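What follows is a single chain, given as structure tokens, in the form deposited in one PDB entry.
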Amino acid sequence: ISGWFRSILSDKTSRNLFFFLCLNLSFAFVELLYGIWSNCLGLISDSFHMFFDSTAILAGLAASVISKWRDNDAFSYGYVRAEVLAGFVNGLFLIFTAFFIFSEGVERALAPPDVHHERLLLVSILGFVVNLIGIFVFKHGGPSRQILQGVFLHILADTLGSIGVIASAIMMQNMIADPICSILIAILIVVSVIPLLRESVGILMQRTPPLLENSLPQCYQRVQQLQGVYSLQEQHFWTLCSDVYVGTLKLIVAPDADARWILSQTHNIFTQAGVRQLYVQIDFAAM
């Protein structure tokens, strides 16, 4: 039980995720305590949304921790795809948070607020500070690439929401501003999250690695030129992690073809293309 905390603190990314998760949960709890007295209609909703984004960050942290585990004869490739699952979950979280922001903006535009306003803006500035700190901490530029990108996009979406509420507060002092700003924030969040979901779905759909896809015809041509190789059939290349490709091949060779040399040459050819793990089945054709 205590080994989890030591492991999380040992890793840099896990430690940063734990720091941000604790900070978000504590600030959500503080907002809940400040809003339990009154103004529940907005503060309770905001606190629950913060706790929900906290759940998304916790999911990313759990995937990051689990990604370092070893094989157990059940997960033959290991838990390495936890990062891809976390990226997909973060993308869905961002889409649904954008839709929630859309709904809240529409509700505010179609309802006059009689609740306290100064407290709402003050805690929103604190949330903006939290989001800016999160952006600063997670600035980047067992494999762990998708999780960092997902959490960074999540922090960007939270920052967009915070700047939206701040700009609405500023413009109201100096009615149309709030819905337009909410729609713009939601659209920006969706457009930003699109590439992450594209990559995660490409990885999760057993698609050919996009980087490897260009060089596959050349590799097939070079394998075909090997002596004794009649044909190449049933080729399947898919992605496991970032820069980790797994490919399966079936070769049909001559009845007396040099199986060892053909196998070694095929492995070299597909290793020069970046395929770390490869399985080649050599079939000896009949005549």
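Quick note: we count residues from 1 along the sequence shown, nothing fancier. Here the rigid core means the biggest group of C-alpha atoms that line up within 1.5 Å when the two forms are laid on top of each other. Residues that one form lacks are left out of the comparison.
This next part talks about the form deposited in another entry, which is not shown.
No residue in 231, 225, 38, 218 other than 38 shows a CA shift of 2 angstroms or more between the shown form and the other one after fitting the rigid core.
Residue displacement note: residue 195 has its CA displaced by under 2 Å between the shown form and the other one (rigid core superposed). If you fit the rigid core between the shown form and the other one, you'll see the Cα of residue 207 move by less than 2 angstroms. For residue 252, a C-alpha deviation below 2 angstroms is recorded between the shown form and the other one after rigid-core alignment. Distance between the C-alpha atoms of residue 183 and residue 116: shorter by at least 3 Å in that other deposited form than in the displayed form. Core-superposed comparison between the shown form and the other one: residues with C-alpha shifts of 2 Å or more form runs of three or more at 28 to 45, 108 to 118.
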